[PDB]
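Asker: Have a look at this one.
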Amino acid sequence: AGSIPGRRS
Amino acid sequence: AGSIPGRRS
Amino acid sequence: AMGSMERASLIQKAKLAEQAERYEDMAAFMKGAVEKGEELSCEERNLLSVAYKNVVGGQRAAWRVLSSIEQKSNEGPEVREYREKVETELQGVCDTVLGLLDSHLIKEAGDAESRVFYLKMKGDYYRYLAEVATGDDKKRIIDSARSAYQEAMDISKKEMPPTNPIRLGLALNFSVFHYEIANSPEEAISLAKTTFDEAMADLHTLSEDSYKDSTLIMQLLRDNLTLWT
Amino acid sequence: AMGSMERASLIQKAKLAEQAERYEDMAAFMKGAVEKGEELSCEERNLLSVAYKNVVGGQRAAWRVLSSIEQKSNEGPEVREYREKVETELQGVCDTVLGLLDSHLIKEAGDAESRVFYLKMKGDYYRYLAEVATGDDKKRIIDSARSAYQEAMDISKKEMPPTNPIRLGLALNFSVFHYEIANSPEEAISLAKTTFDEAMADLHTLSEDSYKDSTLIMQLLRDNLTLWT
Ligand SMILES: *Cc1ccc(C(=O)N2CCC[C@@H](O)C2)cc1
Ligand SMILES: *Cc1ccc(C(=O)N2CCC[C@@H](O)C2)cc1
Ligand SMILES: [Ca+2]
Ligand SMILES: [Ca+2]
Ligand SMILES: [Cl-]
Ligand SMILES: [Cl-]
Ligand SMILES: [Cl-]
Ligand SMILES: [Cl-]
């Protein structure tokens, strides 16, 4: 189950 | 130019 | 720690650290920027979020490796001790982020896009605390996560279109909260389905670039539904 | 820092940290193990080497990103300042490793396999210092790297078979030193070719598992030769 990856910005 | 990766042991 | 550095230099160095994949530095620079006391712009909020998500993401991955080893051994004290050390470090990072949100990002956030963003953050970092929680407070931590997510949901439904990427990512993560933390898989599935369908019906209003942003997160909802059903 | 923890617990936790990809922790645990004062076994030497290679590998990658940005901008002080911070942190890690080798790993290393291993390490961490060096000491740092590699080469040629993986990896890295640091590409190419050919001629003596270990490093020599010729 994936949350928002949110690791690139 | 690659040295010994040496990152896994 | 960053008190003597200019706010704009902190922001510039957070961007550099992101390029260098130095996420611990990135988070410290963004912590310093928050502590300057000014509100954060949209871009700055994303820098804050990306930095701590990477830091705690590495801690969570390590904790899961160590928890798995620890469980296999319960079928010396070193594995438990080291899992505890990593767990304590993770909790400290979550507490630091929650402290920034509470002092004073959330209370100064008046626009829907900032307020929902920070409350989603609050739900996420309590969710990370809940992942490792066992004792007297696992239930209170879970309810703190739920309450933050719920307030963010209520605002996002009133103030944002169904395709707004922050609204979609909030619903994605709240559905993961339901599935993984709250033992409510039916609520997780219902939320992800309703979120996906209401976004689909709003896509016709979007530009080409907004369409790309929204459909990317819709695919993440669909990936979860495929895994859950 | 690790003075109160048992040596065997430090070693066990270094292995756990490797599994958790927590290389900073791994290096601190192995630093503590070295500081117990006992010699290191073959496996323990590898743990020490893997830990610091990962730590400094991440620092080198970050330094190169930041150096590249800095050079583009020279065609505020933030990029230079942040590159300097990363550079200082890298130099401190290299100095820490060199300090462990000097106090007192190298002087207590009597067997060829340990002595060549530590001297190769010494050459590698001076090479990393040379990569970022500019001022009064770049030449002395380069000669320190050369001297360590040379002593290791002399021992490995006398005491180890041409297929020994430590002998092959030493020659690989000394050839990279020649090519990248010493501005001697012909010496780099000659060393890699002679090392490869003398290993090839010794492969017939090896077991299936030793053959795999040796041919893997021979392929790295060949990859460099392909890039250099
Ligand atoms: C929590 C969260 C949700 C969505 C995103 C995202 O993909 N974007 C892209 C374009 C607009 C940005 O504000 C956010 C990130 C985090
Ligand atoms: C510097 C260096 C050279 C070679 C290796 C390596 O591949 N091995 C595998 C089997 C024997 C080990 O001692 C070393 C690692 C580092
Ligand atoms: Ca100022
Ligand atoms: Ca003891
Ligand atoms: Cl520990
Ligand atoms: Cl405000
Ligand atoms: Cl800096
Ligand atoms: Cl000895």
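Labels used: A, B, ... for chains in the order of the structure tokens, numbers from 1 for residues in each chain, and numbers from 1 for ligands as shown.
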Could you list, as a list in words, the residues of chain C having an atom within 6 Å of chain A when counting only C-alpha atoms?

Answerer: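 Putting it all together, I get residues 50, 54, 173 and 224 of chain C.
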
Asker: Quick one: residues within 6 Å of ligand 6, with only C-alpha atoms and all ligand atoms, as a list in words?

Answerer: residues 108, 109 and 110 of chain C

Asker: Got a sec to check which residues lie within 12 Å of ligand 2, using only C-alpha atoms and all ligand atoms, and send them as an MDAnalysis selection string?

Answerer: (chainID B and resid 3:9) or (chainID D and resid 41:51 53 113:114 116:124 149 152 163:174 209:221)

Asker: Hey, which residues come within 7 Å of ligand 7 if we count only C-alpha atoms and all ligand atoms? Could you give them as a PyMOL selection string?

Answerer: (chain C and resi 13) or (chain D and resi 78+81-82+85)

Asker: Restrict the selected residues to N, CA and C atoms and save them as a tab-separated table (two decimals), in the first residue's frame.

Answerer:
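Heads up, here's the output in part30.tsv:
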chain	number	residue	atom	x	y	z
C	13	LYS	N	20.16	26.95	0.18
C	13	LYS	CA	20.92	25.76	0.55
C	13	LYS	C	20.04	24.53	0.69
D	78	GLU	N	26.49	31.20	-1.28
D	78	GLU	CA	25.87	30.03	-0.70
D	78	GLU	C	26.43	28.73	-1.29
D	81	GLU	N	29.82	28.17	0.01
D	81	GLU	CA	29.81	27.89	1.45
D	81	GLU	C	29.37	26.45	1.70
D	82	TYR	N	28.34	26.01	0.97
D	82	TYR	CA	27.79	24.68	1.22
D	82	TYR	C	28.73	23.60	0.69
D	85	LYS	N	31.24	23.21	3.32
D	85	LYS	CA	30.76	22.47	4.48
D	85	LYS	C	30.86	20.97	4.21

Asker: Within 10 Å of ligand 3, counting only C-alpha atoms and all ligand atoms, which protein or nucleic acid residues do you find, written as number ranges by chain?

Answerer: C: 3-9, 36

Asker: Restrict the selected residues to C-alpha atoms and save them as a short mmCIF file (atom, residue, chain, number, x, y, z; two decimals), in the first residue's frame.

Answerer:
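The result, stored in selection-v2.cif:
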data_model
loop_
_atom_site.label_atom_id
_atom_site.label_comp_id
_atom_site.auth_asym_id
_atom_site.auth_seq_id
_atom_site.Cartn_x
_atom_site.Cartn_y
_atom_site.Cartn_z
CA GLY C 3 19.83 31.34 13.68
CA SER C 4 22.72 33.30 12.18
CA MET C 5 21.97 32.42 8.52
CA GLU C 6 19.66 34.53 6.32
CA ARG C 7 16.27 33.01 5.52
CA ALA C 8 16.89 33.23 1.79
CA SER C 9 20.29 31.51 2.14
CA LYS C 36 12.58 32.56 11.16
#

Asker: Show me, as a JSON list (two decimals) with N, CA and C atoms, in the first residue's frame, the residues of chain C whose atoms get within 10 Å of chain D, using only C-alpha atoms for the distance check.

Answerer:
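This is the output file result_13.json:
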[["chain", "number", "residue", "atom", "x", "y", "z"],
["C", 8, "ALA", "N", 16.79, 33.60, 3.20],
["C", 8, "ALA", "CA", 16.89, 33.23, 1.79],
["C", 8, "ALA", "C", 18.06, 32.28, 1.53],
["C", 9, "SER", "N", 19.17, 32.45, 2.26],
["C", 9, "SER", "CA", 20.29, 31.51, 2.14],
["C", 9, "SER", "C", 19.92, 30.09, 2.60],
["C", 10, "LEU", "N", 19.17, 29.99, 3.70],
["C", 10, "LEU", "CA", 18.66, 28.68, 4.13],
["C", 10, "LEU", "C", 17.83, 28.02, 3.02],
["C", 12, "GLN", "N", 17.95, 28.68, -0.26],
["C", 12, "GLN", "CA", 18.85, 28.33, -1.36],
["C", 12, "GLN", "C", 19.65, 27.06, -1.04],
["C", 13, "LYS", "N", 20.16, 26.95, 0.18],
["C", 13, "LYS", "CA", 20.92, 25.76, 0.55],
["C", 13, "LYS", "C", 20.04, 24.53, 0.69],
["C", 14, "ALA", "N", 18.77, 24.67, 1.11],
["C", 14, "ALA", "CA", 17.88, 23.50, 1.06],
["C", 14, "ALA", "C", 17.73, 22.98, -0.37],
["C", 16, "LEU", "N", 19.95, 23.26, -2.80],
["C", 16, "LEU", "CA", 21.23, 22.62, -3.12],
["C", 16, "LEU", "C", 21.34, 21.24, -2.47],
["C", 17, "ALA", "N", 20.96, 21.14, -1.20],
["C", 17, "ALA", "CA", 21.03, 19.85, -0.53],
["C", 17, "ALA", "C", 20.12, 18.84, -1.20],
["C", 18, "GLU", "N", 18.93, 19.28, -1.67],
["C", 18, "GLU", "CA", 18.09, 18.35, -2.41],
["C", 18, "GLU", "C", 18.82, 17.85, -3.65],
["C", 19, "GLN", "N", 19.50, 18.74, -4.37],
["C", 19, "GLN", "CA", 20.20, 18.29, -5.58],
["C", 19, "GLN", "C", 21.32, 17.33, -5.24],
["C", 20, "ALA", "N", 21.95, 17.50, -4.07],
["C", 20, "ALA", "CA", 23.06, 16.69, -3.61],
["C", 20, "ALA", "C", 22.59, 15.44, -2.89],
["C", 21, "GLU", "N", 21.28, 15.25, -2.78],
["C", 21, "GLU", "CA", 20.64, 14.16, -2.03],
["C", 21, "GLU", "C", 21.16, 14.11, -0.60],
["C", 22, "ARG", "N", 21.30, 15.29, 0.00],
["C", 22, "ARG", "CA", 21.71, 15.45, 1.39],
["C", 22, "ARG", "C", 20.48, 15.86, 2.20],
["C", 25, "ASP", "N", 20.70, 17.44, 5.82],
["C", 25, "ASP", "CA", 21.03, 18.86, 5.72],
["C", 25, "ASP", "C", 19.81, 19.66, 5.25],
["C", 58, "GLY", "N", 13.91, 7.05, 5.29],
["C", 58, "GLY", "CA", 15.06, 6.20, 5.57],
["C", 58, "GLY", "C", 15.00, 5.56, 6.95],
["C", 59, "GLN", "N", 14.51, 6.30, 7.95],
["C", 59, "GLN", "CA", 14.41, 5.73, 9.29],
["C", 59, "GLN", "C", 13.36, 4.64, 9.32],
["C", 61, "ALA", "N", 12.36, 2.70, 6.84],
["C", 61, "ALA", "CA", 12.87, 1.53, 6.15],
["C", 61, "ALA", "C", 13.84, 0.77, 7.04],
["C", 62, "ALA", "N", 14.74, 1.49, 7.74],
["C", 62, "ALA", "CA", 15.66, 0.80, 8.67],
["C", 62, "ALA", "C", 14.92, 0.13, 9.82],
["C", 63, "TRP", "N", 13.95, 0.82, 10.40],
["C", 63, "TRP", "CA", 13.18, 0.23, 11.48],
["C", 63, "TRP", "C", 12.49, -1.05, 11.04],
["C", 64, "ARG", "N", 11.94, -1.07, 9.82],
["C", 64, "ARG", "CA", 11.26, -2.29, 9.38],
["C", 64, "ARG", "C", 12.24, -3.44, 9.21],
["C", 65, "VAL", "N", 13.43, -3.17, 8.65],
["C", 65, "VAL", "CA", 14.45, -4.22, 8.55],
["C", 65, "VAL", "C", 14.74, -4.79, 9.93],
["C", 66, "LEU", "N", 14.99, -3.90, 10.90],
["C", 66, "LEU", "CA", 15.40, -4.34, 12.23],
["C", 66, "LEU", "C", 14.25, -5.02, 12.98],
["C", 69, "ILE", "N", 14.04, -8.60, 11.68],
["C", 69, "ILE", "CA", 15.08, -9.44, 12.29],
["C", 69, "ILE", "C", 14.72, -9.75, 13.74],
["C", 76, "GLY", "N", 21.11, -12.31, 21.86],
["C", 76, "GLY", "CA", 21.34, -11.32, 22.89],
["C", 76, "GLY", "C", 20.44, -10.10, 22.76],
["C", 77, "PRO", "N", 20.70, -9.04, 23.53],
["C", 77, "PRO", "CA", 19.85, -7.85, 23.46],
["C", 77, "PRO", "C", 20.15, -6.93, 22.28],
["C", 78, "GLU", "N", 21.12, -7.27, 21.43],
["C", 78, "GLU", "CA", 21.63, -6.30, 20.48],
["C", 78, "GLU", "C", 20.57, -5.88, 19.46],
["C", 79, "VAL", "N", 19.83, -6.84, 18.89],
["C", 79, "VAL", "CA", 18.89, -6.45, 17.83],
["C", 79, "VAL", "C", 17.80, -5.56, 18.41],
["C", 81, "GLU", "N", 18.09, -3.71, 21.09],
["C", 81, "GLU", "CA", 18.67, -2.43, 21.49],
["C", 81, "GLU", "C", 18.81, -1.52, 20.28],
["C", 82, "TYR", "N", 19.27, -2.09, 19.15],
["C", 82, "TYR", "CA", 19.53, -1.27, 17.98],
["C", 82, "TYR", "C", 18.21, -0.83, 17.32],
["C", 83, "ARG", "N", 17.21, -1.72, 17.29],
["C", 83, "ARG", "CA", 15.89, -1.30, 16.82],
["C", 83, "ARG", "C", 15.35, -0.15, 17.68],
["C", 86, "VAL", "N", 17.12, 3.15, 16.68],
["C", 86, "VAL", "CA", 16.55, 3.69, 15.45],
["C", 86, "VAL", "C", 15.15, 4.22, 15.70]]

Asker: Would you compute the distance between atom CA of residue C:189 and atom CA of residue C:60? Give it in Å to one decimal.

Answerer: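 Result for atom CA of residue C:189 versus atom CA of residue C:60: 24.2 Å, one decimal.
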
Asker: Once DSSP has gone over the backbone, tell me which residues of stretch 66-226 of chain D are in helix (DSSP H, G or I), as a VMD selection string.

Answerer: chain D and resid 66 to 73 78 to 108 112 to 132 138 to 159 165 to 180 185 to 200 203 to 205 208 to 226

Asker: Give me, please, the distance in Å between atom 13 (O, counted along the ligand's line) of ligand 1 and atom CA of residue C:131, quoted to one decimal.

Answerer: 26.0 Å

Asker: Excluding residue D:35 and any residue of its chain fewer than 3 positions from it, enumerate the residues within 10 Å of it, using only C-alpha atoms, and give them as a list in words.

Answerer: residues 1, 2, 3, 7, 29, 30, 31, 32, 38, 39, 100, 103, 104 and 105 of chain D

Asker: Those residues you just picked out, can you put them in a file as a CSV table (one decimal), in the first residue's frame with N, CA and C atoms?

Answerer:
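New file selection.csv:
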chain,number,residue,atom,x,y,z
D,1,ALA,N,33.1,7.1,22.1
D,1,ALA,CA,31.6,7.1,22.2
D,1,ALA,C,31.1,5.7,22.5
D,2,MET,N,31.7,4.7,22.0
D,2,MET,CA,31.3,3.3,22.1
D,2,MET,C,32.0,2.6,23.2
D,3,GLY,N,32.7,3.4,24.0
D,3,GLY,CA,33.6,2.7,25.0
D,3,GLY,C,32.8,1.8,26.0
D,7,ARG,N,32.9,-5.3,22.6
D,7,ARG,CA,33.4,-5.5,21.2
D,7,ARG,C,32.5,-6.3,20.4
D,29,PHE,N,30.0,2.1,14.8
D,29,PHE,CA,30.2,0.8,15.5
D,29,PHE,C,31.6,0.2,15.2
D,30,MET,N,32.0,0.2,14.0
D,30,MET,CA,33.3,-0.3,13.6
D,30,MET,C,34.4,0.6,14.2
D,31,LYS,N,34.3,1.9,14.2
D,31,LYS,CA,35.3,2.7,14.9
D,31,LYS,C,35.4,2.3,16.4
D,32,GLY,N,34.3,2.2,17.0
D,32,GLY,CA,34.3,1.7,18.4
D,32,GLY,C,35.0,0.3,18.6
D,38,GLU,N,42.1,-4.5,20.0
D,38,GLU,CA,42.5,-5.8,19.4
D,38,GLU,C,42.6,-5.7,17.9
D,39,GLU,N,43.4,-6.6,17.3
D,39,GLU,CA,43.5,-6.7,15.8
D,39,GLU,C,42.1,-7.1,15.3
D,100,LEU,N,42.5,5.9,12.5
D,100,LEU,CA,42.4,4.5,12.9
D,100,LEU,C,43.5,3.6,12.4
D,103,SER,N,46.6,4.4,14.3
D,103,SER,CA,46.5,4.2,15.8
D,103,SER,C,45.5,3.1,16.1
D,104,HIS,N,45.9,1.8,15.9
D,104,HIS,CA,47.2,1.4,15.6
D,104,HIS,C,47.1,0.2,14.7
D,105,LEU,N,46.2,0.2,13.7
D,105,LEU,CA,45.9,-1.0,12.9
D,105,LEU,C,47.1,-1.4,12.1

Asker: With only C-alpha atoms as the atoms that count, which of D:68, D:229, D:96, D:205 lies nearest to residue D:188?

Answerer: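 Smallest separation from residue D:188 among the options: D:229.
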